[PDB]
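I have placed the structure first, in the form of structure tokens, so that the comments after it can refer back to it.
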Amino acid sequence: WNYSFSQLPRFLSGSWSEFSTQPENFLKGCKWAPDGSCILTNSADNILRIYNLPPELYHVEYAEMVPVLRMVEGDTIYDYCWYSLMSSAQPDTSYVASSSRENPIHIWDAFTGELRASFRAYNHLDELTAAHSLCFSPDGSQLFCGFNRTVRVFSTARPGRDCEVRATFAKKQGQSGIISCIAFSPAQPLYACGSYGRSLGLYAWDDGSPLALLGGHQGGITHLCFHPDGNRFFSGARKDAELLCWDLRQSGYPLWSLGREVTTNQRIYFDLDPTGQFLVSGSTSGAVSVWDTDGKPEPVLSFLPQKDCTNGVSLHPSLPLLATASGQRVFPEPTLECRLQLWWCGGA
RNA sequence: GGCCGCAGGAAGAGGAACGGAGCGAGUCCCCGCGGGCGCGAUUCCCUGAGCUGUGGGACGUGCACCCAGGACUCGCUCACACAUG
């Protein structure tokens, strides 16, 4: 099996009924586990849900999917992620990080759904500040997390308030604003921070010294992805039409610009293949766009999962499975239900 | 209750300004206090899923905050007052 967008993705079971419990609920992305065992979904009800990979794939009609875990947070969930080095063969690796409004960075066990650990970030007044982003290091030793004008680096082995603080803004110079996303280069010893203040920043892993500072985007940056090459990477923003392609060589200016309809203050996700050839992105209109990265990325396909915003898109690391999360904020007036969905993208 | 031992007294009950106040300084106590406020221009940006329009931020800029008390100690001032049947 291998990815192929020469044909439109075939439908595979999704979940709609449980999200319809609350009025005006909507999904806030979806993320495959790095081994490909299960998929994690955030929602406006502040409930992380884990769905197992469908048994009926390996076993035609599929039943509505049911989550093996529901792990409830008490406030808006800003970011969430799988452990970098997760495998379902090891209970010690299978866990989910999660940050929430005025709460610690919770670590949830991905089998039993219990609160396993808590990392706590305090300001100079000894008041708890919540992390707006999360990212494990490629070794899985450290947990990087973004705040206003600063990244903190907790050691995964020692859960608590202990952390290395890294200021990105010093005496009105550097990367300003809430750091909304962190991502590491597969090859290089660096990481990239996006901010709700328009700019991107590159930083060395060991020291946290600035390598570069990049403009480009016309809105607050929401997501980052490094290509498996290590040189090339991509970025996207809120209320901003362009998905910008970058390169670590020939730096300072984005090489290409890829169009997508983003008309809300949302984290509209995008994701690459495991091989790195295709790039998939959601849209506020709903249309999931696909580009072949191998020159400018060529448009391959556009299709519509539903008549609503496609906020989340996630590609499975081994199988040709596209996951799609839907929904958005409805705006009132003075006096369609959201859903996760799977899609087979394999060849004929 | 009685007896013995030890200890404190060997007591006639005094005194209608005694010995005070208010400031200032030094030293302690108290003591989570770069943040708070305003205006200007590209409506200065922003209904962010980021607190937030009963407010949040950026850049100019200016502005006002960081005490007041108490205790001890050494000055200056005002009294040294039993309150008029």
Which of (1) touching a strand residue (DSSP E or B) at 6+ places or on another chain (Cβ under 6 Å); (2) outside any strand (DSSP E or B) does A:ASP92 not meet, given it meets every other one? (1)
Neighbours by Cβ (under 8 Å, 6+ apart or cross-chain): first from region A:156-172, away from RNA strand B (no atom under 13 Å from the Cβ); second charged (D, E, K, R) and in a loop (DSSP other than H, G, I, E, B): A:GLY160/A:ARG120
Against the definition (surrounded by fewer than 22 Cβ atoms within 10 Å (Cβ to Cβ), of a type in the set (A, V, I, L, M, F, W, C) and either within 16 Å of the chain's Cα centre (by Cα) or more than 14 Å from RNA strand B (Cβ to nearest atom) (or both)), how does A:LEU202 come out, yes or no? yes
Which residue is nearest to A:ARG70 (Cα to Cα), if the candidates are limited to region A:104-136 and must be aliphatic (A, V, I, L, M) and within 14 Å of RNA strand B (Cβ to nearest atom)? A:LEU134
Checking the conditions here, which among A:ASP79, A:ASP75 is in a loop (DSSP other than H, G, I, E, B), touching a strand residue (DSSP E or B) at 6+ places or on another chain (Cβ under 7 Å) and within 16 Å of RNA strand B (Cβ to nearest atom)? A:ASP75
Residues of region A:39-49 being away from RNA strand B (no atom under 16 Å from the Cβ) and touching a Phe, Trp or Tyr at 6+ places or on another chain (Cβ under 6 Å), which ones? A:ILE39
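The rows are residues; the columns are (1) more than 17 Å from the chain's Cα centre (by Cα); (2) within 21 Å of A:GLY282 (Cβ to Cβ); (3) within 14 Å of RNA strand B (Cβ to nearest atom); (4) not in a loop (DSSP other than H, G, I, E, B).
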position	(1), (2), (3), (4)
A:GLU24	yes, yes, yes, no
A:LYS28	no, yes, yes, yes
A:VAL60	yes, no, no, no
A:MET65	yes, yes, no, no
A:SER87	yes, no, no, no
Residue pairs, Cβ under 9 Å, 6 or more apart or interchain, first in region A:176-192 and over 21 Å from A:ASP79 (Cα atoms) and outside any strand (DSSP E or B), second more than 10 Å from RNA strand B (Cβ to nearest atom) and of a type in the set (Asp, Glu). List them. A:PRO186/A:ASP229; A:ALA187/A:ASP229; A:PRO189/A:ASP206
Here the residues within region A:239-289 that are away from RNA strand B (no atom under 16 Å from the Cβ) and among the aliphatic types (A, V, I, L, M) are A:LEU243, A:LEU244, A:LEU248, A:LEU255, A:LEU258, A:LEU272, A:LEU279, A:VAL280, A:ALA287, A:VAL288
Keeping to region A:139-152, report how many residues are buried (at least 17 other Cβ atoms within 10 Å of the Cβ), more than 13 Å from RNA strand B (Cβ to nearest atom) and either in a loop (DSSP other than H, G, I, E, B) or of a type in the set (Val, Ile, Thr) (or both). 1
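Looking at A:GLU242, A:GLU261, which is the one that is touching a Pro at 6+ places or on another chain (Cβ under 9 Å) and within 30 Å of A:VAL330 (Cβ to Cβ)?
Going through A:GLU242, A:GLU261 in turn, just one is touching a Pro at 6+ places or on another chain (Cβ under 9 Å) and within 30 Å of A:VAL330 (Cβ to Cβ): A:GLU242.
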Given (1) out of contact with any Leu (no Cβ under 9 Å at 6 or more places or on another chain); (2) surrounded by 20 or more Cβ atoms within 10 Å (Cβ to Cβ), where does A:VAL288 come up short, assuming only one miss? (1)
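Bear in mind these aren't lab numbers, they're just calculated from the coordinates by the rules spelled out. Cβ atoms come from the backbone with ideal geometry, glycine included; neighbour counts cover every protein chain shown.
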